[PDB]
Each structure stands twice: as structure tokens, then as C-alpha cells.
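Here are the chains, one letter per residue:
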Amino acid sequence: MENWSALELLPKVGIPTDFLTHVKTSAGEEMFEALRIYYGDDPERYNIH
Amino acid sequence: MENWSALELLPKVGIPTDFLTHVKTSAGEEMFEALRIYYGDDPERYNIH
Amino acid sequence: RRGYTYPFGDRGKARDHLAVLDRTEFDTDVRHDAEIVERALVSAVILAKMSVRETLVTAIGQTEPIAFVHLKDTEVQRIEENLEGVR
Amino acid sequence: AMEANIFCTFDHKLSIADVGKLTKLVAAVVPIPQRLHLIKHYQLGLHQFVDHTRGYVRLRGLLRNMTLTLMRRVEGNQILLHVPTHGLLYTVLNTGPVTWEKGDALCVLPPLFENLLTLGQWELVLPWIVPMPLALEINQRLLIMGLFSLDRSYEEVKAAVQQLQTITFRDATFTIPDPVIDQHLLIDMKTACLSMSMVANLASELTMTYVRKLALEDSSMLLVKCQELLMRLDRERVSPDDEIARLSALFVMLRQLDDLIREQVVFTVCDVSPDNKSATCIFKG
Amino acid sequence: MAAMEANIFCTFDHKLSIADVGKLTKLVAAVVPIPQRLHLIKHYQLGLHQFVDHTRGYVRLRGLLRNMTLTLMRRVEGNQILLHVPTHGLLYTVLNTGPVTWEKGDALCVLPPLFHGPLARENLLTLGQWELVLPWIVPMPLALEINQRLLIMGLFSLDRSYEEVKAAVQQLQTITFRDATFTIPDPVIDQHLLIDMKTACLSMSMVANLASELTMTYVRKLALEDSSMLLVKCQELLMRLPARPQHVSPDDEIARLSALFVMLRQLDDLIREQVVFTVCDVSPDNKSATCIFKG
Amino acid sequence: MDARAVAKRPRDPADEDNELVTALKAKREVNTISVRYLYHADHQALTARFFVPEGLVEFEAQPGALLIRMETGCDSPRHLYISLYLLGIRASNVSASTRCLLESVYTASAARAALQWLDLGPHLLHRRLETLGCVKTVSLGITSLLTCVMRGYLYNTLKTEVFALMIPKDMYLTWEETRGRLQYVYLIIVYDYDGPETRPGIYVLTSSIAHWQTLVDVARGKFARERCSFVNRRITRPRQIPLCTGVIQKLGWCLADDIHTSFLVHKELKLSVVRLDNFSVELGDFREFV
Amino acid sequence: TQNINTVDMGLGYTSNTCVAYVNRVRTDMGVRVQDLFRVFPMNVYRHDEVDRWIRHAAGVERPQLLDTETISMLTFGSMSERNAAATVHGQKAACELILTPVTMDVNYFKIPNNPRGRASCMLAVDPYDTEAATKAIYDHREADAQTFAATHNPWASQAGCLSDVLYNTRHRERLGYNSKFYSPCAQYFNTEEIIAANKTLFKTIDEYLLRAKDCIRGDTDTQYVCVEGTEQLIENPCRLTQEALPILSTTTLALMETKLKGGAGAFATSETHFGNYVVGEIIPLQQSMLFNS
Amino acid sequence: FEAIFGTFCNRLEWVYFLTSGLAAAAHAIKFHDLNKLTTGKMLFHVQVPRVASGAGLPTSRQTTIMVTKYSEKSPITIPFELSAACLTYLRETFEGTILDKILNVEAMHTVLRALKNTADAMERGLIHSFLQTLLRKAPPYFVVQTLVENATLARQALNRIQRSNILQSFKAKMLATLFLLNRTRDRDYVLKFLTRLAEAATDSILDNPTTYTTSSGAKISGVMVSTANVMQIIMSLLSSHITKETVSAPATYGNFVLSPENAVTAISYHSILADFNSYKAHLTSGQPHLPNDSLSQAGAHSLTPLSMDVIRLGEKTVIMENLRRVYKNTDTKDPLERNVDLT
Amino acid sequence: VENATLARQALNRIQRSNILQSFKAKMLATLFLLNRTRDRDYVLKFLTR
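- Looking at the entry header, you'll see cryo-EM listed as the method and 3.27 Å as the resolution.

Structural data, given as C-alpha cells:
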């Protein structure tokens, strides 16, 4: 549980991303706590309250 | 649940306060939606985290 | 049973007379049964006269007579002679 | 931006009263035989299909063929008709004998009974828009009245028909016309009744032979019960080419029933007002 | 996930010739079925050829074609094809391919192709033992006749000799419709027809059990006081054998008629094909029509 | 009528200024109402609003409930708009624990009266229920208002979020090991002819089968016991004519990957549901099968 | 559409209101009793002849409902009394009768009092103490807060007495009552609403401003309760104080005549002859206030 | 022949919320991001005074009481319908004949009329919604006067006996003053009753000394609003105290705007602190008191003069108004014309 | 005048019964004005009304 919409909206610093294994394998095999996946274009970031 | 400690730390606007009845009477007879009453000096406002 | 399926034009009076025809039961006492039989026959004769679209007594204080509906003359005569023999 | 309307013209000259009479029908359901861009006034409505030997069955079958259009605009020398497209929302005038309510499924029926517009030997007879249950009940009433048509010498049968004839719906009662006029039944209703009776009669004799053989095999143990029921109805009371002929006859009679057995939904309702004369509906093809 | 595609591009995984692209261009506006909607598909999944099989049943082919997806053909490019899956209720331009005449205002159905006359035409796409067999778009009366005759063949097959069924299948095969004769290929009694036979028997039996004495006796009573070619013909098809009706109740009669309507819908759905297009135009050469899609 | 006008691309309806903007610009008037953008102007969903008492709107306050119109026997409140949840108290396939949960939620005169009006008449359910769309908006009140979708997607005013259709778990049916891409949603009511009173089952089925006869074949296979019950009642009980073993009507389409499981919380009670994440409403009429 | 948000800038009540003027009575101020046969339409006597005879004597018609579905509809709520041909005295204010022992204290009626015979104002009870609220309302081994007797009407102040089952809405709906008909006794006898209204002082007055109000149809002859949102909610001070006001009544035409002969303020006094009495009104409504303007 | 003399139209007079005298009770603010926020809170911090005690007696602890007040929502809505005929004539032209131009102009004027009537209806709806909220928080005379009379004695939650006295006073003042103007027309009694109503209401925490002040004299302390009949009766009674005045009122709404810091905190925390920078500067400078409140800061800049009646009630100048013009010829009932029940 | 503000609609039964009551009351009250009163304030109010 994090503010994923804030991560989508707020500016970000670009880095080269070095996963040893595949990003979807790192995500699927639960390397990271607090994971959020979506496909296509999820419109909920446009919801501000 | 209100953040009373910020209310204590933040700057405030000094107003002439007018209750028809005693403050303790309008607090005790539930005029207000949210209340916090404490006696003495409550250290809660000092632990910023 | 036959009366409920019949297409009476005005079902209200039909169903009232069918209810009084439904309720009649003998209470195992000699004197009561003749009067309950008379009531049941009044209802049934009204219902039969309704079915054949014929007139019926509307005058207040009157009551439909206990009479055969559309039986032939010879059979009504034979039935009444038999009833007189029972008398 | 314009829309794809149909143009209609009247050969007859119109009075101001006629034009004002048309402007009241600016949301009606006017059916047209064929998808045409410029038509004459004769092709509007059911008046072209009226005949004195055919009845409700023939006109229902003819209505199912037509193209349904809503009147859109009325002016001098022109009437503009809109042909609606499936899945879009439209305003339609209530012209039947019954009140609509939200969520209804409406279907188009031949009419069973200021006024409507006549010019010469001409008349604008618009179809009836009723909810689907009322149409189904009306069709069944008409079919049963047709089957009773040969016992009409007795008062019991006539009382039965008078009970069939009156129908009650949402806060309205009306009497449908008897398919028997001048003591004899019209040829279209006669064919409908004859086809119904023939399919019943052919099924009664044909089905047992096949049910026996196929129930021997049937793993559903349903067809055995079917054969048992057939044995019961039997108890209450062929050359191969002739078997083919009777099977063909059964299926052709069923195809004859197809016009009456099922009716299409053409709208579904969502609007309420004291103005109840109209509602907004989505169109269905 | 991915929303369903509407415009579908098809590529031929085979060296096409000039004549192949020509007879492929002639098929613009034709309706072709596909098993899987995808933006780019391969030509193997085009038409009915993938389903033709040693089973050889026509009823199997009909059942497979029913569950397929219908799409219309759009313009042809060198070795590429565009297909468009239509929407309900819109207006479309449709080409006919079978030698069956259409009329302005009739309903159309999809059925596996028959064979006509000498069966002289097989110059469609062939590409290394693959073919573009398209389904036939036929008007409703012929479709009803085809389904009805298949069901009649199946029903008659039960408890008739092998040669008797042979003769019956021979005569029921041949259909004449709008002054042209068509023949059903491979009428074969598999299990797919066996299900239809089972439901036909159940539906007929329930019709017979539901039909009232009024319904049964109408035909007999009409025959006693009316005479016509219709009546004499239909009574010649029937078995051979005033007074008041002994039971009269409109409410029972209407309840019974409603149930009988449900059963008659059950039986009709065996021969009744689903309408895919409704026609309102014909090119005077009868090569194409403008139709409303109904799916 | 010239080649330049034929070859001219159509105007964009979004680039054109509205009727209100054109009028205010024509007289160069100004209004406090803001008319530059019109909400719901580009919504392709057809919607209607239904007024319903407070007693029925439990489990419907969250967008995604299927709205069904039931006809009472009487004249004054001729129809009630009930959801698939309240209808689940009548269903036979719903487990007794779920039924107790639902009965604990719907404890108002309106809901119990709905159930009584259902069980009171002789007709079957489907000859008594008309299916409206699915719901997405609620304003609360003693007489509450629900906006319902007749044909479209379920989404916000700005389509900034798109709603799913919620199916109570015991009512959900699936009949293939692997689903195809696109699958159609059906509502099935199947009648069991056990003993004195016909017992209905209420199901919502998602299958890729669109052709009517194939669907009715697989349904006759899946509900063979109900068919046997129908014929066995017909043989054992004459003169009480039954119609239909079941009815199917189609009420939408969805994608196979948009089916997920979820729970709905109300009165601190959890009702587990199956959700159709970008449901599109497309209603048919009831088709009865035997 | 426009969104408006309001936020209150006072730490007390920054606004006051008063009932400044009155300029007609909407009701007749009559003496026409409630017709229970409309309120409880399902009840019949078990014997046809006793039922028909009593209905004839009382002037009531046979219970006319298409029984099953229309009864469920009525128990959901129904407006089943036709209007009279003409009205000259406005809306019919029907009287609800509480049976009372013939030896009830006549001084009870001379001051504003709870008509059920035992006081039930929750402002006198500690907030949220339902045990003490229930004891104050019903426990007849405890002295009534107003008069310190157990009761003045045993048939009205107890749990499940005749008027408790008649006028308490929870008992009325175990009976088959028609909800649409307004009932004057309901505010005093809906003891569960009374228990729930037992809050603190400011919560009580806020609730009085919001929810403790009546709703009566303005256009019908009879007093039908209206749903929220169709017309204005009606203030009733008797819902807070939980008392009924004594109106000028008498047992003899002589004392009424001497009231009419009397000077101003005669209506406000309550003399008595031996067995015949007058109760004077506690506010000078009828005499001066209604007819001054 | 038949003669048609003049044809006439409704030359309606408009109402604007800020021109109303009721607007005195409001501090009206315009906020463009209102569709996005759903909560508004104002936090109060108050430490009571206390008195030194004698020997052997308990002493009073210092106690801080904090309260929060939350905003309430109440949107308003009104529709207007345009027919297909006006929509097509508004946009399509046919050879430009003078009849076609007539229809085009008529469609344009129909659109304009609909927009004008709708905007006026929105002004009236704002007046109506404000009056309803203001009513729902306003207790009657007997409640507030009982509170003001019993104010001094209670020093905590009410005793059993203290609230018995509260109830007794409720009943006495309920009967005594039920329909004021019918019971008496005595000039002094009515003057003192209105002064009691004016002095009973507590002060608002927003002080805005430049708004609603009369040409010469002094600040207006409140508004007194009633039906036209009641105000005509009162003005006939107390003309000795009532005078016609010209009052300076804010010409337009005050605009509240989100700052960039506010945008950051709204994106990240779903929370906005009004006037973030004033807080941060006062927080790092070590200043315990802000000078002004964000609602006050957002107030309007311009004043316009408008003429209205005022009455003097014990060194309080309040406004007298009737809202008959808002509700005249409309389909909605005046909230101040009411029904009261007595049993 | 007194009843004007109470209905923007066709009068219902109660409203017109109130109208009737007012008719009768005022008819009895003001039938021979100058013979009943000579009060300067009352006649000025009457003429103003």
C-alpha cells in the first residue's frame, strides 16, 4: 500500500534499471515489497481528491 | 481522527472566542463534532515523527 | 367444480354463490340438514339460471324457487310423482 | 449537420388543418414497405394492405416485413421520416390503448380498433405499440377464438368467446374484435387454426414410433418417460413415402405457425411524464 | 486484456501468383468466417477448409460454422488481406458467391456450401493443399428446407431398412428453389444429428400431450362443413376415422396454448437458422446486395 | 454538390463550438453558467434513472449491481426495482450461510414486501421479472435515486474510472476449462419441479458461445436433472400445465481476462462476488428452453 | 449544477429564529373522532352477523381490499379515505381517544401534561441512560416525575396496556395498521423514539432542529403523513416537551355560555360546578390570538 | 375585422445573491477546485482561564480544549430543455430566405432566453439553499433565551437539577412567546424581544471591518429576515428606530486559489493546508500567531453601495429584509412561511 | 392579498376554505366602515390597504 498515483504524477529522475533477472520475474517472485502492476493505460491517476 | 499535535505546533489566528454557555458546558453537552481535552501539559506535541 | 370453470359474464355473484356452495356440510343432526340443503339448492339454482342467461328474482324479499332448469316436461313429471311417492 | 431522413410527398392538396394534424404525429411509428429515399403518401401506413377478406394474421405477417420509421418533421410539400438504427435512443408516441412504464419491451401490432388523417380513399392507419405480454395475450386470444369458431351455435361457447374477447391490462380494459365476421372465419385465421390443428394431429400419431426406438438408446432416461406419457395419452383413447409426406407436412405446418408463435421486440422504454403520450426508447432490430 | 479487434489483417504464408491475387481481388465484399479475432492472422485460419475432415458430415460442418466469427472482406493488397467484423444493425455491402438468387427484402443465413449442377467450378484459391472454401449465404426458405430435410432423413432412418433409407436419402437430397436445383453433399447420421432427433421426438411428444381436444378436433370439424384444396390436401395427408363441445374453459385453453407455444418454439429452433443479414437491394445482375447485419 | 465538398473531410464534432457557445458568441453575451465543455456529451452509454425506496438500496450503494424490475400483483406501486442480491434470497443455489447473510442485510418493509409479492402469485419468476441494466450512481434518501445503464460501459462522468459488474459467488457459472478472448454473459433462471412448489435456481453464466442453439444444447446437458423433473411432473401431475424448465437471456459481454474475484462490504458483512471488470451492457429478452 | 460548501463560523449558535406571526388555522379544531376501521382495515369479527351488525351501527363498509397483493401494498403504505363533497372548516383534525378510568384526576387536564397519564420527557433523564429512561417511562413502582403518583391512567401509561398496544407504532405494525394515516398519540406513545431521543442538551436541540418534525398533507381533508422531500416539515413543540396543551372544554352548555358572556381572559379560567367543570385554555389562542388578525 | 393591439412579454427583474441583505450573514467565496475536495475543517485551540484558590480547597488544573468544525455540502441543480427544431434551425440554413433567417434568429433567442432564465434560477437557488442551511442551524427563542439566562451557573456537563431548570424554562418561554405579534403589539415589548434575539446570537470568528458598513455611522452586526407581512408590521410599529441606509457590500465573490505547494501536498497526501507559505514563514521565524485567516484572505477586494433598511437594537444595527422577490411567481415555497403543530 | 403568497397553483380544498373563512370574517368586520370607526389611524390603514 503506497500512493501509486503520486508516483505516476510527480516528476521522476531517470536511471538505467539493473535487475539481474527479468523485471517480471523479480516482480512475480516477490523480491520487492509493495508491488503494483497494471497493463495498458490505467486512468485512475487522473483522479485527484 | 484529527491531528491535534499539528494544531498545537502550527501557528494560529488569535480570535475573540464567544460561547454562549461555559466552554466546559458546551464541550460536555456535546456541541462540537470533534473534541480533545487534556489536563496539565501533554507531551504529545513534542515527538515529531 | 363445474361452476368454477364456467365463463360467467359477471364473476362476482358467481363466486359468491360458488362459495356458499363450497361451504355446505352436514353436521350430523337430523333437523339442520334439511335447511342447509335448502340453502345449497337456492345457490345452485341461481347459478344454473345464470349459466343459461335467463332472468332471476331481483325483487327484495323474494328468493329463487327450487326448480329444475331446462328439464323436459315428462322427466319433471316423473320426478315429482316419485317425490310424492316418497311423501 | 444534417441527418439521413426520408422525404415523403402528398399528391392530395393539404389544408392547414391537415398539416396541423400531421404536426401532432412528429414522433409516430410510420412503417414503409421498402427502404426508399423519395416515396408518395400512399406508401405510408397500413392502408395499402387493407382487404375485406384477410385479417389480423395477414397484417401481422405483412407488418413484420416492413421498415419502421419515425416521423421527424412536417412542412408544406414535405414530410421527413427518420429510419432509426439499432442501439440508439429515440422518442416514440404512445398510440395504443395501454399506458407504458419504464423498462417495458414494446412491439408493433396491427390496429384492432382531432382524429387521424384521410385525404381521398386514403387513411393513415398507424400500428399499435404495446408491451410484449399484452401482444402475446392478444395473439393467443385471437387463436383460441378462431378454434372455437365452429361451435358458436351454443350459448356456453359464446360466453366463452365473450370471456376471451375482453382483456385487462394496466388500468385499462378493451374488447378485441372477434375474428368471426358474418358468421364465418377469414381465410388467414382459418389457415392459422388449420395449421395448428394439423401439427397437433400429426405429432399425436407420428411421435410414438420414433420415441420408442430413440428411447431405447437414450442415456438421459428422459425419452423413456416421454414414451410413458405417450402410452398414457394413447390409453386415454405405413408406406415409406407416406411417412416422408407426413413428416414434411408436420414441418411445413410448423413453418406456417412461425409468424404467430414469436414476435419481435422493437423498443425498450425509459421515460415518464404527465405527457405520457410519448416516451424515449432505444430501438431494436 | 486486449480489446476485441474489429479490423483484421491477413497475410498469405505462401508465394502468391498473379492469378491468385486476381481471384483473391474478386472476393472483396465477401463474407468469410474466422475462428479467432486477432489483428494479424495467417491464411490457414481463413474459411471452412480447416474443418473439412474424414467425418465428412454436413451436420458437423454446420455446427462448426455456427460458432465461427463472420467478417466481411475489404480491399486486397499484394499478398495481404483486410477483413472487418460487422456491427449489429448497421448497413453493409455484401457479395453473394453461391448460385442462389436473392430478393429485395428477404432474410439471409449461413450454411456450409452445397453443390449445384455439374459442379463445374473449383477455381478458388488453392495454395499447397489448402483451399478457400467460403460458406454459402442463402435466403431463409432454402435454409429451412435444408435443415428440415436433414432432420427428416435422420428421423426416417430409425427402423427402416438400409436400402429404404438409401432411397429416402436420395429423394430428400435434391432441393429445387427459385428455379435452380441444389444438392446437399454428404447427409450423414452422426451423433450431431442424433441430439436433434432426440429433441425433435421430445418436442413432438410434448406437443401431442399438450394439445387440447379443441385443437385436435378443429381439423375434423372443418372437414365436415368446409371443402377446399388446402383442406382436402391436408386431410389426405392425415388418417381417416352436430354435437356440443363437452368441456369449455377459456382459461385452461389459454394456459395450454401458452405452454404449447413454448414447445412449438422448441421444435422450430431445429430447422430455424439464425439470420445474419437482411437484404434491401439487389444489383440487377444479382452479384451483390446491401444488407443490415444481424448478429 | 461539388467535388471539393465531397472530398472535404468531415468536421470534428469536438472542434466545433456547442449550441450554447454559438448562441452566446452570436449575440456576444456572457453568462455565469460555464458552457464551454458539456459533461456527458460524448458518453455512448444509454442511461436511465430509477427512484427506489431506501429499503432496497442495500448492496446497491456501490456501483455495479444488476437492476431487475419486478411487477407486484397490485396497482399502486406497480413495479419494484430490485437487484440480483435481493433476488438471491429466493434462489436455491445460494448456500444457506450466504442466504442467512443476505436476509440479515435486507430487513426492511420494502425488501420483505418484495419477497412476498414474488412468492404470492402463481406465475414463474421470469414471467414476473424484467431486466434493466446495471447501476452506476447513487444519491441516498428515504426515496433513493439510482442511475442505470441500458447499453454501454459503466464509468464516471469523465470516464476517469470504469466499473465492473458484481455477481454473488454462488450464482456464478463457468463451463469451459479455458476461456476464449471474448465471452458473453447470460442470466439463467431454471425451475426445479420438486413436490408441491417449483424451486428456482438463479445463475449468471459467462461463455464464449453466442449462437443460441449451441448454448441451449450445453445448457440442456448441464441442467438434465431439471429437464427430467419437468417431464416427471408432467406425467405425475396432470392438469397443472408447466411451461419452461428454464429461461436464458443475454445481458452483456466481457473479456476473459477481466473476470476476477472480490468481496463487497456492507454493515461490516462481506459478500464474496465475481466481477466483470469492463462489463458492457447489451440486453436481450428471455428465451425459454426445454 | 453548482457545488456549494458552507462552513459555520460560530462557536455557539450564531442564528436565532422565532414564530413571529400566525394568520390562520389549517385544521377545523373539531371533535370528529378517528375512524379506526380505516387505520386497522384488516380486522373483522369472527361471526358474520355480529360483524355486519356492528359495521352497520358504526357506519363502516365491508373491508374492501383485493386481499393478498393489495394488503401487502397497504401494509407498505396506502391513502384509503375519500374526501367529503364540501369543506368549510379546513382540514379534519381527528381526535384519538384514550380510554380513561372515570375517576381520573380532573386537575390533570387543567395544565399541559402527557395525555398517556405518566411523564416521559427525556430532557429530565441522564443522556444515553436507557435503563433510567425505561424506568422513568414504564416502571410503576417508581413515582412519576410530574405528579409523583404511579400513573393517572393505568390503561395508558404501562407497557402493553390498551393504549400502548393501540398507539405505539411497534405494536401498531404487529397489528395490521395503515401507516399513511397520521396519529396524534404517536409522539407520546412511540416510546422507542423517545428512548432514542435521549441525548445531551445540544445534541437534543440540534436533533429538534433537524429531525423531530411532523409531515401532513396540506391538500387532503384527512391528515395523511407525507414522505420527506415533497413538502415542508412541520415543527411541533410537543415532540420536545412531550406534553399536550389543554383546550377550552366544558361538560355543560351553561358554563360555555358564561364564558361567552365573560370579559377578555374568561377563556383562561377553569371554574367548576358540582359535577360539571370547565378547563380553561393555557394560551389565549381561540379567544384573542386567532381572531385578532 | 379583429384588431390585435399590443403584444407584451414578461420583462422580468432579476435577483442576485450578493445584492440581497441575507448576504450579510455569508462570507461568499469562489473556489474553482471545489469538485475535487471532499472535506473542509477548521481547528480551534483554547486554554481556559482559572482562579487561585484558598487554603484547604482543591485547585483547578490548566486544561486545553480543542475542537474541529467540518464543512457541509449542498449542491443545487436546475435543467433547461431545447427542442430538436431549435437545435437544427440554430445551425442549418436553406438558401437564406428571410423566413429562414427569422427561424435562425428565433432559435438563437430561444437559446439565450433559456440560458438567462437558468442563470437567474441559479442565483435564486443559491439564496434558497443558504436560507435553508441557516434555518437548520437556528434554534427558537425559548431555547436560546433559556441558554442565555442559564449561562452562568453551569460550569461543566449539566447536573440533573440544572437540566431540570433548563427544561422548566424551555416550557415557560415556549408558551409565553409562541406567536409574538398576535399576543401583543406593544412597542416596547417588541423592541425588547428583538433586542433579546440580537444579543442572544454569538459572534462570528471572522471580523471584516470594511464590509457592510453604513455611509456615516457604524458597522452592521447581523441581518433580520422575515416575510413581507411581518416586516411591514414591524416597520409600522418601530419606525422610531428604523431608518433607510446606504450600505457598502462586496461587489463580487472572493477567489480562493491553490498554491504550487498546495498542489504538491494534494497530489501526494490528498490534503491541502490553506495558505501554506504563511504557515511556513511564521513557523521558521518563530512567530506563534498568523495575522489573518485563509477564508478572510480570500475575501473580495471591491465594495459597492446598495440601499437597505436598518433597525437599532441595543447598540446593534441589523438589517431588515424580506425575500418575497426571490419566491414570487416561482414553483417553490418561501422557507419563512411555515406550518406549526400543536397537540 | 393575505392569501396570495400561499399558492402558485390552482387552489386546493383547504386553501379555498381558508379563502372562504376570510371572506366571511372581513365581510362582517368592515361592512359600514365610517359608521363603525372614526379612528384616524384605522381609516388611514384601511385606505392604504
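Additional details are given in the paragraphs that follow.
1. Observations regarding the overall build of chain I
- Scanning chain I for helices and strands turns up three helices and zero strands.
- Secondary structure elements of chain I occur, N-terminal to C-terminal, as α-α-α.
- Expressed along its principal axes, the backbone C-alpha trace of chain I runs to roughly 40 × 20 × 10 Å.
- Counting all 49 residues of chain I, 20% fall into the buried class.
- For chain I, the computed accessible surface area is about 4,200 Å², with 60% contributed by carbon and sulfur atoms.

2. Points about unusual backbone geometry
All names here are of chain F.
- Even without being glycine, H40 reaches a positive phi, approximately 65°.
- The residue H40 is located in the loop between α2 (19-27) and β1 (46-53) in this model.
- Non-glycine residue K267 carries a positive phi angle of around 60°.
- Following the sequence through the fold, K267 ends up in the loop between β11 (259-266) and β12 (269-276).

3. Structural notes on the pairing of strand β1 (residues 5-9) of chain D
Residues and elements named next belong to chain D.
- In the sheet, β1 pairs with strand β5 (residues 78-82) via four bridges, with the strands oriented antiparallel. Paired with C8 across the bridge in β5 is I79.
- Sheet topology places β1 next to strand β3 (residues 38-40); three bridges connect them, and they run parallel. Residue pairing for β3: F7 is matched across the bridge by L38.

4. What about a negative patch on the surface?
- Side chains of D241(D), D242(D), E163(E) and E164(E) sit close together on the surface and give a patch of like negative charge.
- When residues of the negative patch are traced back to their parent elements, those giving at least two are α7 (240-261) of chain D together with α4 (162-173) of chain E.
- Among the secondary structure elements, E163(E) is positioned in helix α4.

5. Describing the interface of chain D and chain E
- Listed by partner, the interface residues are 70 residues for chain D and 67 residues for chain E.
- Together, the buried faces of chain D and chain E total about 6,500 Å²; carbon and sulfur atoms form 71% of this surface.
- Counting the surface chain D buries against chain E, the share from its top three residues, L150(D), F251(D) and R255(D), is 10%.
- One can count ten salt bridges joining chain D with chain E.
- Note that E156(D) is salt-bridged to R244(E), the shortest N-O span being 3.3 Å.
- Where chain D packs against chain E, one counts 21 residue pairs in polar contact.
- Only α3 (132-147), α4 (155-165), α5 (187-217), α6 (222-236) and α7 of chain D provide two or more residues apiece to the side of chain D that touches chain E.
- Top contributing element to the side of chain D that touches chain E by residue count: α5(D), with 19 residues.

6. Some thoughts on the arrangement of the chains
- In this assembly chain D lies apart from chain G, the nearest approach of their C-alpha atoms being 15 Å.
- Nowhere do chain C and chain H come into contact; their C-alpha atoms are at least 45 Å apart.

7. Side note on the interface of chain G and chain B
- Tallying the contact residues gives eight residues for chain G and ten residues for chain B.
- Of the roughly 840 Å² buried where chain G meets chain B, counting both sides, 63% is carbon and sulfur surface.
- Area buried by chain G at its contact with chain B is led by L11(G), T200(G) and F202(G), which between them contribute 67% of it.
- Summed over the shared surface of chain G and chain B, the result is one salt bridge.
- At the boundary of chain G with chain B, the tally comes to five residue pairs in polar contact.
- Looking at the side of chain G that touches chain B residue by residue, the class counts come to five nonpolar, two polar and one charged.

8. Overview of the packing of aromatic side chains
- One pass over the structure, following the stated rule, counts 28 aromatic pairs over all chains.
- Plain terms: the ring middles of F59(F) and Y85(F) are 5.6 Å apart, the flat faces sit at 35° to each other, and that makes the pair tilted. In this pair, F59(F) is assigned in the loop between β1 and β2 (66-71) and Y85(F) in the loop between β3 (79-83) and α3 (96-105), connecting sequence segments 26 residues apart.
- The class for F59(F) is buried, based on a relative accessible area of 1%.
- Residue class for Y85(F) comes out buried when judged on its relative accessible area of 1%.
- Within the aromatic cluster, the residues linked to one another by ring pairs are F113(D), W128(D) and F174(D).
- The residue whose ring lies beneath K159(F) is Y155(F), and the NZ or CZ to ring-centre distance is 5.6 Å.
- The aromatic ring of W212(F) is capped on one face by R287(F), whose charged end is 4.2 Å from the ring centroid.

9. Regarding the pattern of salt bridges
- A full pass over the atoms with the stated rule returns 80 salt bridges over all chains.
- Note that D258(D) and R272(E) form a salt bridge whose closest N and O atoms lie 3.0 Å from each other. In this pair, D258(D) sits in helix α7 while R272(E) sits in the loop between α8 (250-271) and β12 (277-279), so the two residues belong to two different chains. Here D258(D) and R272(E) have matching classes, each one buried.
- Linking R40(I) and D41(I) is a salt bridge whose minimum nitrogen-to-oxygen distance equals 3.4 Å.
- Beyond isolated ion pairs, a larger network of salt bridges with shared partners links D258(D), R262(D), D268(E), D269(E) and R272(E).

10. Quick notes on the pairing of strand β4 (residues 69-77) of chain E
All names here are of chain E.
- Two elements, strand β2 (residues 31-34) and β4, share four bridges in a ladder whose sense is antiparallel. Across the sheet, the residue bridging to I34 is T69, located in β4.
- As paired elements, β4 and strand β5 (residues 80-84) share four bridges and run antiparallel to each other. Residue pairing across strands places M73 opposite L83, the latter belonging to β5.
- Linking β4 to β5, which pair antiparallel, is a turn of two residues; within it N79 sits at a positive phi near 65°.

Conventions and cut-offs
Residues numbered from 1 in each chain as written, not as in the entry; some residues may be left out. Chains lettered and ligands numbered in written order. Part of a larger assembly, values for the part shown. Heavy atoms only, no water. Helix = DSSP H or I, 4+ residues; strand = E, 2+ residues; numbered from the N terminus. Buried < 20%, exposed > 50% of the residue type's maximum accessible area, 1.4 Å probe, protein only. Areas by Shrake-Rupley, 256 points an atom, 1.4 Å probe, with all protein chains shown as cover. Pairing = 2+ DSSP bridges. Patch = residues over 30% accessible without salt bridge, like charges linked within 9 Å, V, L, I, M, F, W, Y side chains within 5 Å. Salt bridge = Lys/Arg side-chain N within 4 Å of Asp/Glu carboxyl O. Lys, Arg positive; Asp, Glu negative; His and termini not counted. Charge placed at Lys NZ, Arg CZ, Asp CG, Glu CD. Contact = heavy atoms within 4.5 Å. Buried area = accessible area lost by both parts, 1.4 Å probe. Polar contact = N/O pair within 3.5 Å; in protein donor to acceptor, adjacent residues only side chain to side chain. Nonpolar A, V, L, I, M, F, W, Y, C, P; charged D, E, K, R; others polar. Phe/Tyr/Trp six-rings, centres within 6.5 Å; stacked < 30°, edge-to-face > 60°. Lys NZ or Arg CZ within 6 Å of the ring centre and 35° of its normal.

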